[PDB]
Every structure is written in C-alpha cells, then in structure tokens.
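J.: start03.pdb (PDB, N, CA and C atoms) pasted underneath:
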```pdb
ATOM      1  N   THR A   1       3.362  -6.338  14.479  1.00  0.00           N
ATOM      2  CA  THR A   1       1.901  -6.146  14.551  1.00  0.00           C
ATOM      3  C   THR A   1       1.216  -7.373  15.141  1.00  0.00           C
ATOM      4  N   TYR A   2       0.111  -7.145  15.840  1.00  0.00           N
ATOM      5  CA  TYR A   2      -0.707  -8.233  16.347  1.00  0.00           C
ATOM      6  C   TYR A   2      -1.873  -8.450  15.389  1.00  0.00           C
ATOM      7  N   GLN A   3      -2.131  -7.435  14.570  1.00  0.00           N
ATOM      8  CA  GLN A   3      -3.129  -7.529  13.519  1.00  0.00           C
ATOM      9  C   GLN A   3      -2.542  -8.286  12.336  1.00  0.00           C
ATOM     10  N   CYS A   4      -3.401  -8.779  11.470  1.00  0.00           N
ATOM     11  CA  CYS A   4      -2.964  -9.619  10.368  1.00  0.00           C
ATOM     12  C   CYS A   4      -3.623  -9.196   9.061  1.00  0.00           C
ATOM     13  N   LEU A   5      -3.198  -9.819   7.974  1.00  0.00           N
ATOM     14  CA  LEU A   5      -3.682  -9.476   6.642  1.00  0.00           C
ATOM     15  C   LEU A   5      -4.967 -10.215   6.281  1.00  0.00           C
ATOM     16  N   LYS A   6      -5.792  -9.557   5.470  1.00  0.00           N
ATOM     17  CA  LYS A   6      -7.018 -10.134   4.950  1.00  0.00           C
ATOM     18  C   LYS A   6      -6.827 -10.605   3.507  1.00  0.00           C
ATOM     19  N   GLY A   7      -5.762 -11.346   3.265  1.00  0.00           N
ATOM     20  CA  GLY A   7      -5.490 -11.840   1.926  1.00  0.00           C
ATOM     21  C   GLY A   7      -4.963 -10.751   1.007  1.00  0.00           C
ATOM     22  N   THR A   8      -5.863 -10.052   0.327  1.00  0.00           N
ATOM     23  CA  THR A   8      -5.472  -8.943  -0.535  1.00  0.00           C
ATOM     24  C   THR A   8      -5.235  -7.683   0.293  1.00  0.00           C
ATOM     25  N   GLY A   9      -5.845  -7.637   1.476  1.00  0.00           N
ATOM     26  CA  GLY A   9      -5.597  -6.560   2.422  1.00  0.00           C
ATOM     27  C   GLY A   9      -5.738  -5.183   1.834  1.00  0.00           C
ATOM     28  N   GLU A  10      -6.957  -4.828   1.494  1.00  0.00           N
ATOM     29  CA  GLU A  10      -7.239  -3.503   0.982  1.00  0.00           C
ATOM     30  C   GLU A  10      -7.300  -2.543   2.149  1.00  0.00           C
ATOM     31  N   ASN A  11      -8.343  -2.711   2.935  1.00  0.00           N
ATOM     32  CA  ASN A  11      -8.576  -1.897   4.106  1.00  0.00           C
ATOM     33  C   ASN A  11      -8.458  -2.738   5.375  1.00  0.00           C
ATOM     34  N   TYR A  12      -7.589  -3.763   5.328  1.00  0.00           N
ATOM     35  CA  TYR A  12      -7.372  -4.676   6.463  1.00  0.00           C
ATOM     36  C   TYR A  12      -7.383  -3.950   7.821  1.00  0.00           C
ATOM     37  N   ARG A  13      -6.309  -3.243   8.143  1.00  0.00           N
ATOM     38  CA  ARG A  13      -6.256  -2.420   9.336  1.00  0.00           C
ATOM     39  C   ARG A  13      -5.719  -1.035   9.007  1.00  0.00           C
ATOM     40  N   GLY A  14      -4.521  -0.997   8.448  1.00  0.00           N
ATOM     41  CA  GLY A  14      -3.871   0.269   8.180  1.00  0.00           C
ATOM     42  C   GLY A  14      -2.745   0.514   9.157  1.00  0.00           C
ATOM     43  N   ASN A  15      -1.867  -0.473   9.272  1.00  0.00           N
ATOM     44  CA  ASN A  15      -0.773  -0.417  10.230  1.00  0.00           C
ATOM     45  C   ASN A  15       0.557  -0.160   9.535  1.00  0.00           C
ATOM     46  N   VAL A  16       1.034  -1.144   8.789  1.00  0.00           N
ATOM     47  CA  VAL A  16       2.304  -1.040   8.098  1.00  0.00           C
ATOM     48  C   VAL A  16       2.266   0.022   6.997  1.00  0.00           C
ATOM     49  N   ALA A  17       3.265   0.893   7.017  1.00  0.00           N
ATOM     50  CA  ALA A  17       3.409   1.942   6.021  1.00  0.00           C
ATOM     51  C   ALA A  17       4.794   1.851   5.382  1.00  0.00           C
ATOM     52  N   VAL A  18       5.315   0.633   5.345  1.00  0.00           N
ATOM     53  CA  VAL A  18       6.620   0.344   4.769  1.00  0.00           C
ATOM     54  C   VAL A  18       6.520  -0.926   3.937  1.00  0.00           C
ATOM     55  N   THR A  19       7.188  -0.933   2.794  1.00  0.00           N
ATOM     56  CA  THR A  19       7.124  -2.062   1.877  1.00  0.00           C
ATOM     57  C   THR A  19       7.676  -3.338   2.517  1.00  0.00           C
ATOM     58  N   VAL A  20       7.563  -4.462   1.823  1.00  0.00           N
ATOM     59  CA  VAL A  20       8.157  -5.704   2.297  1.00  0.00           C
ATOM     60  C   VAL A  20       9.671  -5.533   2.445  1.00  0.00           C
ATOM     61  N   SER A  21      10.252  -4.751   1.548  1.00  0.00           N
ATOM     62  CA  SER A  21      11.653  -4.383   1.644  1.00  0.00           C
ATOM     63  C   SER A  21      11.781  -3.100   2.466  1.00  0.00           C
ATOM     64  N   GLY A  22      12.993  -2.581   2.591  1.00  0.00           N
ATOM     65  CA  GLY A  22      13.216  -1.414   3.434  1.00  0.00           C
ATOM     66  C   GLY A  22      12.857  -0.099   2.757  1.00  0.00           C
ATOM     67  N   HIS A  23      11.866  -0.124   1.870  1.00  0.00           N
ATOM     68  CA  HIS A  23      11.442   1.082   1.161  1.00  0.00           C
ATOM     69  C   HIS A  23      10.335   1.787   1.934  1.00  0.00           C
ATOM     70  N   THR A  24      10.472   3.093   2.100  1.00  0.00           N
ATOM     71  CA  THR A  24       9.425   3.902   2.703  1.00  0.00           C
ATOM     72  C   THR A  24       8.239   4.043   1.751  1.00  0.00           C
ATOM     73  N   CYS A  25       7.047   3.704   2.229  1.00  0.00           N
ATOM     74  CA  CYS A  25       5.841   3.904   1.444  1.00  0.00           C
ATOM     75  C   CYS A  25       5.550   5.387   1.260  1.00  0.00           C
ATOM     76  N   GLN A  26       5.651   5.841   0.028  1.00  0.00           N
ATOM     77  CA  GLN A  26       5.234   7.178  -0.342  1.00  0.00           C
ATOM     78  C   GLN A  26       3.721   7.330  -0.176  1.00  0.00           C
ATOM     79  N   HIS A  27       3.314   8.475   0.370  1.00  0.00           N
ATOM     80  CA  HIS A  27       1.904   8.767   0.654  1.00  0.00           C
ATOM     81  C   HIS A  27       1.032   8.645  -0.589  1.00  0.00           C
ATOM     82  N   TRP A  28      -0.178   8.133  -0.391  1.00  0.00           N
ATOM     83  CA  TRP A  28      -1.155   8.001  -1.468  1.00  0.00           C
ATOM     84  C   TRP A  28      -1.616   9.368  -1.943  1.00  0.00           C
ATOM     85  N   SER A  29      -1.638  10.322  -1.030  1.00  0.00           N
ATOM     86  CA  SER A  29      -2.044  11.679  -1.343  1.00  0.00           C
ATOM     87  C   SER A  29      -0.920  12.425  -2.059  1.00  0.00           C
ATOM     88  N   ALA A  30       0.262  11.831  -2.052  1.00  0.00           N
ATOM     89  CA  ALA A  30       1.428  12.433  -2.666  1.00  0.00           C
ATOM     90  C   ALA A  30       1.607  11.928  -4.087  1.00  0.00           C
ATOM     91  N   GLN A  31       1.670  12.844  -5.033  1.00  0.00           N
ATOM     92  CA  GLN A  31       1.960  12.492  -6.415  1.00  0.00           C
ATOM     93  C   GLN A  31       3.458  12.609  -6.678  1.00  0.00           C
ATOM     94  N   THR A  32       4.202  12.715  -5.590  1.00  0.00           N
ATOM     95  CA  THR A  32       5.654  12.726  -5.611  1.00  0.00           C
ATOM     96  C   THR A  32       6.153  11.840  -4.470  1.00  0.00           C
ATOM     97  N   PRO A  33       7.242  11.063  -4.647  1.00  0.00           N
ATOM     98  CA  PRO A  33       8.039  11.002  -5.888  1.00  0.00           C
ATOM     99  C   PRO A  33       7.280  10.471  -7.112  1.00  0.00           C
ATOM    100  N   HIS A  34       6.521   9.396  -6.941  1.00  0.00           N
ATOM    101  CA  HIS A  34       5.898   8.726  -8.081  1.00  0.00           C
ATOM    102  C   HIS A  34       4.514   9.299  -8.386  1.00  0.00           C
ATOM    103  N   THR A  35       4.327   9.746  -9.627  1.00  0.00           N
ATOM    104  CA  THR A  35       3.055  10.311 -10.072  1.00  0.00           C
ATOM    105  C   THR A  35       2.051   9.198 -10.405  1.00  0.00           C
ATOM    106  N   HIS A  36       1.461   8.646  -9.360  1.00  0.00           N
ATOM    107  CA  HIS A  36       0.586   7.474  -9.474  1.00  0.00           C
ATOM    108  C   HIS A  36      -0.881   7.863  -9.599  1.00  0.00           C
ATOM    109  N   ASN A  37      -1.677   7.025 -10.237  1.00  0.00           N
ATOM    110  CA  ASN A  37      -3.106   7.282 -10.327  1.00  0.00           C
ATOM    111  C   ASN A  37      -3.876   6.476  -9.286  1.00  0.00           C
ATOM    112  N   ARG A  38      -3.176   6.016  -8.253  1.00  0.00           N
ATOM    113  CA  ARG A  38      -3.841   5.393  -7.112  1.00  0.00           C
ATOM    114  C   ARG A  38      -3.820   6.338  -5.921  1.00  0.00           C
ATOM    115  N   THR A  39      -4.748   7.275  -5.908  1.00  0.00           N
ATOM    116  CA  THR A  39      -4.837   8.268  -4.849  1.00  0.00           C
ATOM    117  C   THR A  39      -6.183   8.126  -4.156  1.00  0.00           C
ATOM    118  N   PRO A  40      -6.324   8.639  -2.924  1.00  0.00           N
ATOM    119  CA  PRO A  40      -7.595   8.586  -2.194  1.00  0.00           C
ATOM    120  C   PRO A  40      -8.716   9.360  -2.894  1.00  0.00           C
ATOM    121  N   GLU A  41      -8.375  10.039  -3.985  1.00  0.00           N
ATOM    122  CA  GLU A  41      -9.363  10.698  -4.829  1.00  0.00           C
ATOM    123  C   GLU A  41      -9.755   9.789  -5.992  1.00  0.00           C
ATOM    124  N   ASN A  42      -8.968   8.740  -6.182  1.00  0.00           N
ATOM    125  CA  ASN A  42      -9.167   7.804  -7.282  1.00  0.00           C
ATOM    126  C   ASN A  42      -9.715   6.481  -6.776  1.00  0.00           C
ATOM    127  N   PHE A  43      -9.271   6.094  -5.597  1.00  0.00           N
ATOM    128  CA  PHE A  43      -9.705   4.849  -4.985  1.00  0.00           C
ATOM    129  C   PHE A  43     -10.085   5.091  -3.530  1.00  0.00           C
ATOM    130  N   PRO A  44     -11.134   5.891  -3.287  1.00  0.00           N
ATOM    131  CA  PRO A  44     -11.558   6.238  -1.932  1.00  0.00           C
ATOM    132  C   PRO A  44     -12.094   5.021  -1.186  1.00  0.00           C
ATOM    133  N   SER A  45     -12.680   4.100  -1.941  1.00  0.00           N
ATOM    134  CA  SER A  45     -13.296   2.908  -1.376  1.00  0.00           C
ATOM    135  C   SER A  45     -12.239   1.842  -1.070  1.00  0.00           C
ATOM    136  N   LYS A  46     -10.971   2.209  -1.224  1.00  0.00           N
ATOM    137  CA  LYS A  46      -9.870   1.302  -0.927  1.00  0.00           C
ATOM    138  C   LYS A  46      -9.062   1.837   0.243  1.00  0.00           C
ATOM    139  N   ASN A  47      -9.537   2.976   0.742  1.00  0.00           N
ATOM    140  CA  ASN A  47      -9.018   3.624   1.944  1.00  0.00           C
ATOM    141  C   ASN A  47      -7.537   3.958   1.832  1.00  0.00           C
ATOM    142  N   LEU A  48      -7.202   4.846   0.914  1.00  0.00           N
ATOM    143  CA  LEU A  48      -5.817   5.264   0.724  1.00  0.00           C
ATOM    144  C   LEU A  48      -5.409   6.264   1.806  1.00  0.00           C
ATOM    145  N   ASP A  49      -5.228   5.733   3.012  1.00  0.00           N
ATOM    146  CA  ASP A  49      -4.900   6.525   4.189  1.00  0.00           C
ATOM    147  C   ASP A  49      -3.400   6.715   4.325  1.00  0.00           C
ATOM    148  N   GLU A  50      -2.986   7.972   4.471  1.00  0.00           N
ATOM    149  CA  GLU A  50      -1.588   8.321   4.711  1.00  0.00           C
ATOM    150  C   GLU A  50      -0.651   7.728   3.663  1.00  0.00           C
ATOM    151  N   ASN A  51      -0.009   6.633   4.047  1.00  0.00           N
ATOM    152  CA  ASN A  51       0.955   5.940   3.207  1.00  0.00           C
ATOM    153  C   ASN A  51       0.943   4.461   3.555  1.00  0.00           C
ATOM    154  N   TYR A  52      -0.130   4.053   4.218  1.00  0.00           N
ATOM    155  CA  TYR A  52      -0.313   2.671   4.641  1.00  0.00           C
ATOM    156  C   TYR A  52      -0.319   1.735   3.449  1.00  0.00           C
ATOM    157  N   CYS A  53       0.201   0.536   3.646  1.00  0.00           N
ATOM    158  CA  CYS A  53       0.160  -0.492   2.617  1.00  0.00           C
ATOM    159  C   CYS A  53      -1.276  -0.905   2.319  1.00  0.00           C
ATOM    160  N   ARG A  54      -1.907  -0.177   1.419  1.00  0.00           N
ATOM    161  CA  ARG A  54      -3.261  -0.474   0.997  1.00  0.00           C
ATOM    162  C   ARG A  54      -3.235  -1.310  -0.269  1.00  0.00           C
ATOM    163  N   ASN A  55      -4.404  -1.617  -0.788  1.00  0.00           N
ATOM    164  CA  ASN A  55      -4.497  -2.332  -2.046  1.00  0.00           C
ATOM    165  C   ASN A  55      -5.568  -1.695  -2.931  1.00  0.00           C
ATOM    166  N   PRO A  56      -5.296  -0.481  -3.445  1.00  0.00           N
ATOM    167  CA  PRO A  56      -6.235   0.236  -4.310  1.00  0.00           C
ATOM    168  C   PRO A  56      -6.362  -0.392  -5.696  1.00  0.00           C
ATOM    169  N   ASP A  57      -5.224  -0.638  -6.339  1.00  0.00           N
ATOM    170  CA  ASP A  57      -5.198  -1.200  -7.689  1.00  0.00           C
ATOM    171  C   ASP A  57      -5.865  -2.572  -7.742  1.00  0.00           C
ATOM    172  N   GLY A  58      -5.686  -3.351  -6.680  1.00  0.00           N
ATOM    173  CA  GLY A  58      -6.258  -4.681  -6.624  1.00  0.00           C
ATOM    174  C   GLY A  58      -5.247  -5.757  -6.955  1.00  0.00           C
ATOM    175  N   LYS A  59      -4.214  -5.854  -6.137  1.00  0.00           N
ATOM    176  CA  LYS A  59      -3.207  -6.884  -6.294  1.00  0.00           C
ATOM    177  C   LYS A  59      -3.553  -8.072  -5.406  1.00  0.00           C
ATOM    178  N   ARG A  60      -2.671  -9.053  -5.351  1.00  0.00           N
ATOM    179  CA  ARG A  60      -2.874 -10.218  -4.493  1.00  0.00           C
ATOM    180  C   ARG A  60      -2.587  -9.876  -3.035  1.00  0.00           C
ATOM    181  N   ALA A  61      -1.868  -8.783  -2.825  1.00  0.00           N
ATOM    182  CA  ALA A  61      -1.439  -8.383  -1.493  1.00  0.00           C
ATOM    183  C   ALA A  61      -1.289  -6.867  -1.411  1.00  0.00           C
ATOM    184  N   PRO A  62      -1.259  -6.313  -0.184  1.00  0.00           N
ATOM    185  CA  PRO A  62      -1.038  -4.881   0.049  1.00  0.00           C
ATOM    186  C   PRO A  62       0.223  -4.384  -0.632  1.00  0.00           C
ATOM    187  N   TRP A  63       0.161  -3.180  -1.166  1.00  0.00           N
ATOM    188  CA  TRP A  63       1.289  -2.615  -1.870  1.00  0.00           C
ATOM    189  C   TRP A  63       1.309  -1.106  -1.718  1.00  0.00           C
ATOM    190  N   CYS A  64       2.428  -0.493  -2.060  1.00  0.00           N
ATOM    191  CA  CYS A  64       2.535   0.950  -1.997  1.00  0.00           C
ATOM    192  C   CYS A  64       3.605   1.439  -2.959  1.00  0.00           C
ATOM    193  N   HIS A  65       3.761   2.751  -3.046  1.00  0.00           N
ATOM    194  CA  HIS A  65       4.768   3.344  -3.911  1.00  0.00           C
ATOM    195  C   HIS A  65       5.980   3.697  -3.083  1.00  0.00           C
ATOM    196  N   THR A  66       7.149   3.296  -3.533  1.00  0.00           N
ATOM    197  CA  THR A  66       8.357   3.524  -2.770  1.00  0.00           C
ATOM    198  C   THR A  66       8.849   4.948  -2.967  1.00  0.00           C
ATOM    199  N   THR A  67       9.393   5.526  -1.912  1.00  0.00           N
ATOM    200  CA  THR A  67      10.027   6.831  -1.989  1.00  0.00           C
ATOM    201  C   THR A  67      11.397   6.752  -2.670  1.00  0.00           C
ATOM    202  N   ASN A  68      11.594   5.705  -3.465  1.00  0.00           N
ATOM    203  CA  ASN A  68      12.844   5.496  -4.181  1.00  0.00           C
ATOM    204  C   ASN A  68      12.618   5.598  -5.679  1.00  0.00           C
ATOM    205  N   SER A  69      13.667   5.958  -6.396  1.00  0.00           N
ATOM    206  CA  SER A  69      13.627   5.964  -7.849  1.00  0.00           C
ATOM    207  C   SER A  69      14.142   4.630  -8.376  1.00  0.00           C
ATOM    208  N   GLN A  70      14.614   3.797  -7.454  1.00  0.00           N
ATOM    209  CA  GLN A  70      15.149   2.485  -7.788  1.00  0.00           C
ATOM    210  C   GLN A  70      14.025   1.568  -8.240  1.00  0.00           C
ATOM    211  N   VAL A  71      12.935   1.633  -7.504  1.00  0.00           N
ATOM    212  CA  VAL A  71      11.779   0.800  -7.740  1.00  0.00           C
ATOM    213  C   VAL A  71      10.523   1.662  -7.718  1.00  0.00           C
ATOM    214  N   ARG A  72       9.483   1.234  -8.408  1.00  0.00           N
ATOM    215  CA  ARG A  72       8.233   1.964  -8.385  1.00  0.00           C
ATOM    216  C   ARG A  72       7.406   1.541  -7.176  1.00  0.00           C
ATOM    217  N   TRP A  73       6.501   0.597  -7.379  1.00  0.00           N
ATOM    218  CA  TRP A  73       5.693   0.087  -6.286  1.00  0.00           C
ATOM    219  C   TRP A  73       6.307  -1.180  -5.692  1.00  0.00           C
ATOM    220  N   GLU A  74       5.885  -1.517  -4.484  1.00  0.00           N
ATOM    221  CA  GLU A  74       6.386  -2.681  -3.768  1.00  0.00           C
ATOM    222  C   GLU A  74       5.266  -3.289  -2.942  1.00  0.00           C
ATOM    223  N   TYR A  75       5.287  -4.605  -2.806  1.00  0.00           N
ATOM    224  CA  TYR A  75       4.352  -5.299  -1.931  1.00  0.00           C
ATOM    225  C   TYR A  75       4.738  -5.083  -0.479  1.00  0.00           C
ATOM    226  N   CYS A  76       3.849  -5.453   0.425  1.00  0.00           N
ATOM    227  CA  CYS A  76       4.140  -5.390   1.848  1.00  0.00           C
ATOM    228  C   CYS A  76       3.801  -6.713   2.513  1.00  0.00           C
ATOM    229  N   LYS A  77       4.700  -7.203   3.345  1.00  0.00           N
ATOM    230  CA  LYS A  77       4.471  -8.461   4.029  1.00  0.00           C
ATOM    231  C   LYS A  77       3.720  -8.230   5.333  1.00  0.00           C
ATOM    232  N   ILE A  78       2.403  -8.290   5.243  1.00  0.00           N
ATOM    233  CA  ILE A  78       1.554  -8.247   6.421  1.00  0.00           C
ATOM    234  C   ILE A  78       1.361  -9.684   6.911  1.00  0.00           C
ATOM    235  N   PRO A  79       1.218  -9.920   8.233  1.00  0.00           N
ATOM    236  CA  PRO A  79       0.949 -11.266   8.767  1.00  0.00           C
ATOM    237  C   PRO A  79      -0.384 -11.806   8.260  1.00  0.00           C
ATOM    238  N   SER A  80      -0.851 -12.905   8.808  1.00  0.00           N
ATOM    239  CA  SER A  80      -2.071 -13.536   8.314  1.00  0.00           C
ATOM    240  C   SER A  80      -2.634 -14.521   9.324  1.00  0.00           C
ATOM    241  N   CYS A  81      -3.796 -14.196   9.869  1.00  0.00           N
ATOM    242  CA  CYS A  81      -4.500 -15.112  10.750  1.00  0.00           C
ATOM    243  C   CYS A  81      -5.136 -16.213   9.914  1.00  0.00           C
ATOM    244  N   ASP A  82      -5.358 -15.896   8.645  1.00  0.00           N
ATOM    245  CA  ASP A  82      -5.959 -16.825   7.699  1.00  0.00           C
ATOM    246  C   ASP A  82      -4.886 -17.618   6.971  1.00  0.00           C
ATOM    247  N   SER A  83      -4.135 -18.408   7.719  1.00  0.00           N
ATOM    248  CA  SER A  83      -3.095 -19.236   7.135  1.00  0.00           C
ATOM    249  C   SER A  83      -3.697 -20.546   6.642  1.00  0.00           C
TER     250      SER A  83
END
```
Would you encode the structure as structure tokens?
T.:
Amino acid sequence: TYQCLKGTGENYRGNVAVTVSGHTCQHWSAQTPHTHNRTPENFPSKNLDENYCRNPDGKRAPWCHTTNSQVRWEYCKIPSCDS
C-alpha cells in the first residue's frame, strides 16, 4: 500500500482486509465464523466496510476477525506516515 495508518486507523482508508498474520479477515457483516458484536449495524460510525481492517471496538490499531477457529480477532499491520 502507498496509503498509511492513522494510528488507531478506524476509517483510515480501507485497503488491507487481511490480519497482520496470514489470517483472512472475516467480513464485518458476517456473523460467521465468529459471532461478533462489531458489525456495521453496531459500529456504523467506524465504517465496517466489507472485511477491511477497521477499528470499531477501539483498539490501538486496526483489527478484524479471523476466518480461523485457531484465533478470534487479530491486529493488522498498516504502514504509517506518522512515524
């Protein structure tokens, strides 16, 4: 990406849809695999678009739900112009 993170990166851009690890970000609109309460109906002002690494809950960094049963949610390593 040429775009970068806004620190907590809620609605930064909406590029990366994969965790920091090789986990596929499960869609925010999807209550499967993980039945999460962070949906675009719950956090619309956090822009839960598709499966992008958003920050609805309010972590230190963008995160998402993995399509794995191994792990629940995962952070995402977005770049940073604000180094």
J.: For the provided coordinates, the residues matched by the PyMOL selection byres ((chain A and resi 17) around 7) should be stated as an NGL selection string.
T.: :A and (14-16 or 18-19 or 23-26 or 51-53)
J.: Specify as a list in words each residue included when the PyMOL selection byres ((chain A and resi 1-11) around 5) is applied to this file.
T.: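 Output of the PyMOL selection byres ((chain A and resi 1-11) around 5): residues 12, 13, 54, 55, 60, 61, 62, 78, 79, 80 and 81 of chain A.
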J.: With 7 Å as the cut-off and all atoms listed in the file counted, what is the closest atom pair between each nearby residue of range 55-78 of chain A and range 34-45 of chain A? Distances in Å to one decimal, ordered by chain and number, as a Markdown table.
T.:
```
| residue | atom | partner | partner_atom | distance |
| --- | --- | --- | --- | --- |
| A:56 | CA | A:43 | CA | 5.8 |
| A:57 | N | A:38 | CA | 6.2 |
| A:65 | CA | A:34 | CA | 6.9 |
| A:66 | C | A:34 | N | 6.4 |
| A:67 | CA | A:34 | N | 6.6 |
```
J.: Would you kindly return, as a VMD selection string, each protein, DNA or RNA residue with an atom no farther than 10 Å from any atom of residue 21 in chain A, considering only C-alpha atoms and excluding same-chain residues fewer than 5 positions away?
T.: chain A and resid 66 74 to 77
J.: Report as a list in words: the residues of chain A with a DSSP assignment of strand (DSSP E), based on the backbone of this structure.
T.: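 Listing strand (DSSP E) positions across chain A yields residues 25, 26, 63, 64, 65, 66, 73, 74 and 75 of chain A.
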J.: Report the distance between CA of residue 30 in chain A and CA of residue 59 in chain A in Å, rounded to one decimal place.
T.: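 Separating CA of residue 30 in chain A from CA of residue 59 in chain A is a distance of 20.2 Å.
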J.: Can you tell me how far atom N of residue 50 in chain A sits from atom N of residue 69 in chain A, in Å to one decimal?
T.: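 According to the coordinates, atom N of residue 50 in chain A and atom N of residue 69 in chain A are separated by 20.0 Å.
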J.: Kindly give the distance, in Å, that separates atom N of residue 58 in chain A and atom C of residue 28 in chain A, rounded to a single decimal.
T.: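 So the answer is 14.2 Å.
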J.: Since the input has fewer atoms than a full residue there, write range 67-80 of chain A out with N, CA, C and O atoms, as an mmCIF file, in the coordinates of the input.
T.:
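Heads up, here's the output in result06.cif:
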```
data_model
loop_
_atom_site.group_PDB
_atom_site.id
_atom_site.type_symbol
_atom_site.label_atom_id
_atom_site.label_comp_id
_atom_site.auth_asym_id
_atom_site.auth_seq_id
_atom_site.Cartn_x
_atom_site.Cartn_y
_atom_site.Cartn_z
ATOM 1 N N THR A 67 9.393 5.526 -1.912
ATOM 2 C CA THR A 67 10.027 6.831 -1.989
ATOM 3 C C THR A 67 11.397 6.752 -2.670
ATOM 4 O O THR A 67 12.249 7.619 -2.477
ATOM 5 N N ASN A 68 11.594 5.705 -3.465
ATOM 6 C CA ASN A 68 12.844 5.496 -4.181
ATOM 7 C C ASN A 68 12.618 5.598 -5.679
ATOM 8 O O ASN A 68 11.516 5.357 -6.170
ATOM 9 N N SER A 69 13.667 5.958 -6.396
ATOM 10 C CA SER A 69 13.627 5.964 -7.849
ATOM 11 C C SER A 69 14.142 4.630 -8.376
ATOM 12 O O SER A 69 14.105 4.356 -9.575
ATOM 13 N N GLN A 70 14.614 3.797 -7.454
ATOM 14 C CA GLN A 70 15.149 2.485 -7.788
ATOM 15 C C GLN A 70 14.025 1.568 -8.240
ATOM 16 O O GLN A 70 14.141 0.840 -9.226
ATOM 17 N N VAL A 71 12.935 1.633 -7.504
ATOM 18 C CA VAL A 71 11.779 0.800 -7.740
ATOM 19 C C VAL A 71 10.523 1.662 -7.718
ATOM 20 O O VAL A 71 10.509 2.723 -7.100
ATOM 21 N N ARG A 72 9.483 1.234 -8.408
ATOM 22 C CA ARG A 72 8.233 1.964 -8.385
ATOM 23 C C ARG A 72 7.406 1.541 -7.176
ATOM 24 O O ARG A 72 7.582 2.071 -6.075
ATOM 25 N N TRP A 73 6.501 0.597 -7.379
ATOM 26 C CA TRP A 73 5.693 0.087 -6.286
ATOM 27 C C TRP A 73 6.307 -1.180 -5.692
ATOM 28 O O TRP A 73 7.138 -1.837 -6.325
ATOM 29 N N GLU A 74 5.885 -1.517 -4.484
ATOM 30 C CA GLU A 74 6.386 -2.681 -3.768
ATOM 31 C C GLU A 74 5.266 -3.289 -2.942
ATOM 32 O O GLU A 74 4.391 -2.572 -2.454
ATOM 33 N N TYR A 75 5.287 -4.605 -2.806
ATOM 34 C CA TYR A 75 4.352 -5.299 -1.931
ATOM 35 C C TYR A 75 4.738 -5.083 -0.479
ATOM 36 O O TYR A 75 5.827 -4.590 -0.184
ATOM 37 N N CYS A 76 3.849 -5.453 0.425
ATOM 38 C CA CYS A 76 4.140 -5.390 1.848
ATOM 39 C C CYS A 76 3.801 -6.713 2.513
ATOM 40 O O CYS A 76 2.728 -7.277 2.286
ATOM 41 N N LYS A 77 4.700 -7.203 3.345
ATOM 42 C CA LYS A 77 4.471 -8.461 4.029
ATOM 43 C C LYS A 77 3.720 -8.230 5.333
ATOM 44 O O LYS A 77 4.317 -7.965 6.380
ATOM 45 N N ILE A 78 2.403 -8.290 5.243
ATOM 46 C CA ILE A 78 1.554 -8.247 6.421
ATOM 47 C C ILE A 78 1.361 -9.684 6.911
ATOM 48 O O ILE A 78 1.371 -10.605 6.094
ATOM 49 N N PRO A 79 1.218 -9.920 8.233
ATOM 50 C CA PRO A 79 0.949 -11.266 8.767
ATOM 51 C C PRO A 79 -0.384 -11.806 8.260
ATOM 52 O O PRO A 79 -1.003 -11.209 7.403
ATOM 53 N N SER A 80 -0.851 -12.905 8.808
ATOM 54 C CA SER A 80 -2.071 -13.536 8.314
ATOM 55 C C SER A 80 -2.634 -14.521 9.324
ATOM 56 O O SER A 80 -2.027 -15.556 9.604
#
```
